[PDB]
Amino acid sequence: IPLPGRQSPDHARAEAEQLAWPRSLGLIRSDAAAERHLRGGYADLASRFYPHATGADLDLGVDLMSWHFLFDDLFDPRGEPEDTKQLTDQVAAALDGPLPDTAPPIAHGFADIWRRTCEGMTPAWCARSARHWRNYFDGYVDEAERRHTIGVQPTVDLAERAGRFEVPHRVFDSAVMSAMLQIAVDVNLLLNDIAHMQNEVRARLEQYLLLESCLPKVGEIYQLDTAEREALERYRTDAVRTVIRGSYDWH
C-alpha cells in the first residue's frame, strides 16, 4: 500500500467520547457491551478513515463505525433471508422519511447518522448516498440467501460529508473513478477475509496508481473548473486513499 498513513489530530477526544452516542440511542445498554465496543477500536478506525475531520465531523464518522459494527453483529440465526430483510427494511426506511417510535434502536441510530450525513450536502449527493445505503442493506439480504456488505462506499461517502466537499458527480460516475472505488472495495474485502490474495492486493494497488494518473485527463474530459478540480483531489486523498490505507493500518 504505497499510501501514507494518516490519523486525525482530534483522535484522542473522539475515542474518549465514542460511547456517549451509542448509549444515548440505546445501542449499548450494559457496561460489558461498552467494554466490548471499546475493544473494537472503532473511533481509532474512523480517525484513520477521516484524518481530515475533527470535532463534530469526526464524531459523525466515529458514530458510523460504531453503528456499522453494532448493526453487523445483529446478524451473527437472523443472518441465516426473511428475518434479515425484516430488520433491514426497518432500518432502510429511515432513508425515505421519519421512523415510527416503535422502530428498533439500531434503526433510530442509523436515522440519526443519516440525518447528520445529509444536512449541508446537495440533494443529488443525498440521493446517491441513499442508493449506496440501500445497496448495503440489500447486500445483507443477499448474503443471508460481498462488495456491498463490506460497506466501503458509505464509508467513502462519509469522508465527503466529514470533509464538507463533494467530488463532481459526473466524475464520481466516470469509468475511471468507478474502477478506483472498485479497487478500494476489493482491497478492503481481501484484507478483512485475511484477518495469492496478497498478490491480488498488490496488483490492484498498482492499478490504483495507474488510474490515479489518469485523473488530470479525466478532469479535462469533464471540463472541471478550479473548485471541482480541488474537490476531486480531496476525494482522491481524503476519501478513496484513506479508505484503502486506513483499513490496513487499523489491522
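Each residue number is its position in the shown sequence, starting from 1.
I'd like to know the size of any gap between residue 80 and residue 81, counted in deposited residues with no coordinates: none, 1 to 3, 4 to 9, or 10 or more. Gap size class: 1 to 3 residues without coordinates, per the record.
Just how many deposited residues go unmodelled from residue 101 to residue 102: none, 1 to 3, 4 to 9, or 10 or more? Count of unmodelled residues in between: none.
Quick one: say whether 126 to 134 or 81 to 89 has the higher mean Cα B-factor in the deposited entry. 81 to 89 has the higher mean C-alpha B-factor.
Could you check the entry and say whether 91 to 99 or 151 to 159 has the higher mean CA B-factor? Higher of the two, by average CA B-factor, is 91 to 99.
By the entry's C-alpha temperature factors, tell me which of 179, 107, 167, 141 sits highest. Largest recorded C-alpha B-factor: 141.
Among 62, 184, 32, 191, single out the one with the highest C-alpha B factor in the record, please. Across 62, 184, 32, 191, the entry lists the biggest C-alpha B-factor for 191.
Against its chain's modelled residues, does residue 53's Cα B factor rank lowest, middle or highest third? Residue 53: CA B-factor falls in the lowest third of its chain.
Taking the chain's C-alpha temperature factors as the reference, tell me which third residue 44 falls into: lowest, middle or highest. Within its chain, residue 44 is a middle-third residue by C-alpha B-factor, going by the deposited values.
Ranking the modelled residues of this chain by C-alpha B-factor as given in the entry, is residue 175 in the lowest, middle or highest third? Its C-alpha B-factor belongs to the lowest third of this chain's values.
Using the B-factor values recorded in the entry, state whether the Cα atom of residue 234 falls in the lowest, middle or highest third among the modelled residues of its chain. Lowest third of the chain for residue 234's C-alpha B-factor.
For residue 251, return the chain-relative third of its C-alpha B-factor as stated in the PDB record: lowest, middle or highest. Its C-alpha B-factor belongs to the highest third of this chain's values.
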